[PDB]
Every structure is written in C-alpha cells, then in structure tokens.
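The chain below stands alone and is given as structure tokens, in the form deposited in one PDB entry.
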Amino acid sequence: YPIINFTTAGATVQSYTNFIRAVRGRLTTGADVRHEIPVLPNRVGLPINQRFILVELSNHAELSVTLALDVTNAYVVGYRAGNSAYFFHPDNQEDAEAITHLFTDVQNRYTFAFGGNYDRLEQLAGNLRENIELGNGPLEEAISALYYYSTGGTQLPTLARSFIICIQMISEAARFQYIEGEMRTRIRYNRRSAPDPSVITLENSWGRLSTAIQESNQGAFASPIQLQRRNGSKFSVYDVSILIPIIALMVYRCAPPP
C-alpha cells in the first residue's frame, strides 16, 4: 500500500497542509466528483490491493507508528508499532478478511475487542472529544503513547485518547477542509485546545451529509441538516452550495444519476 509520511517534529502549517493534501490525493481517484466534491471509492467491487493507504507518523522523540486507512471511508483501521500490529474490531466478515492483508510481516498481530467509533473510544478514554485537546503537541504525545502500547508502556485509557487525537487530526481533517483549517490554526499559533461544537457536529454528520448531497435534487436537500456554529448555535443547511468549501471528500452512498 502507498505510504505517506509526516513528522510532528518541526511541523509547520505548510508541512501539515502538504501532508493532508497528499492523503486526500491517495484517497480519491478523480473518477467521481459530485457538485465539485470528490467521492471515495465504492466498497463493492474494490480490489483489496487498492483498499488501504498507510500513514507513517514520526515525532520529535524519534518514535514511529504506521496507521492504516481504509480508502472507502478514510478512517483508521489499525496500526503497526515495531513488531506488533493492532486492529480495531472488524464490523463484518469482508472487513475482517481485508485487514489480513495489512502488516503481514509483523510478528504479533492483535485485534481489539472494541471498534474504532468515537463512542466506544470516548468510553475507554473516560473523556469526551469536547474535552480532549488537539494540536501538534497532543499529536506528538499520541505517537509515543501508540508506540509504547506495543511495549506495555501505555494504559488503555491513554491509548483510546491517542486514537481520538490521531483520527481527528488525520481522517477528519482529510474529510473536511473546515477541520483541516482548524488544525492549521492550532499549529500556526502553537495552540492546543479541544474541538468546538462546529467541529464535533461536522464529524458526527459526515455520513448524513454524504447521503444528503448524493440524493439531492440538483443540489437541493429534501430535508435540511442542522449543524452548529463555533459558538454553539444551530445552523440549517438546505443546499450543497454552502458545504463546497467545508467538506473535502464524501463516502460513496449511491451511483450518480444521469
């Protein structure tokens, strides 16, 4: 699988931007664009040899970890640190079978009993997304926590918090220009802070937004979608026009109509 590298050591908003642009480039094929928003490959019929991309992360402490991203949803499926690989609990047999193709050469392959969705993860971390700081510092630390889990050095709640950081700074930023923008700002001013409601609501709504856009009538939604602004106030979306600058990739929901 293709590998994209990124280091938190001396990261700048430009190095982070380049990283996210490279991930998006590997994720989509340019074959399917809908109201100028690229659509991820449909899982049905997708060959396993084209099912994952790898993101190798390094930090100032010179530790590395490689995350595997599923090309159909841009989500993290597992990771490799040194000699061991860990995978989130597969939610179906095709998925269980596909992950056998990853990190085939590690000596210790483990599959968690829990999956990678936020609810499970927040529960294991004992904290919600709204209370977990994001930034280059939190990311640097996450890499070390992930790496030490392979050594008996990382407690479960820490591992879970670490995944929450990695998923939002990598997968969510790749899915939403808006979220990538929020990370860029944190890096520019070396700020670490938890995500505001606009970020959390977008993350929760990615799947619904994907379906609403793909099933829209010439871009008009049959029913509006309610999001929240940075200040916590609601905001209704009636059309795909206003999301063009916000959402970068969509999960495949249906074929495009004539």
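The first residue of the sequence shown is number 1, and the count goes up from there.
Keep in mind that the form deposited with a partner chain bound is not shown, yet the notes after this line are about it.
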Problem - is_contact(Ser198, the partner chain) in the bound PDB entry, heavy atom dist at most 4.5 Å - result: yes
Exercise for the section: Check whether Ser64 has any heavy atom within 4.5 Å of a heavy atom of the partner chain in the bound PDB entry, and answer yes or no. Expected result: no
Problem - Partner proximity in the bound PDB entry: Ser58 to the partner chain, non-hydrogen atom cutoff 4.5 Å - result: no
Handout entry: Any non-hydrogen atom of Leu27 within 4.5 angstroms of the partner chain in the bound PDB entry
Key = no
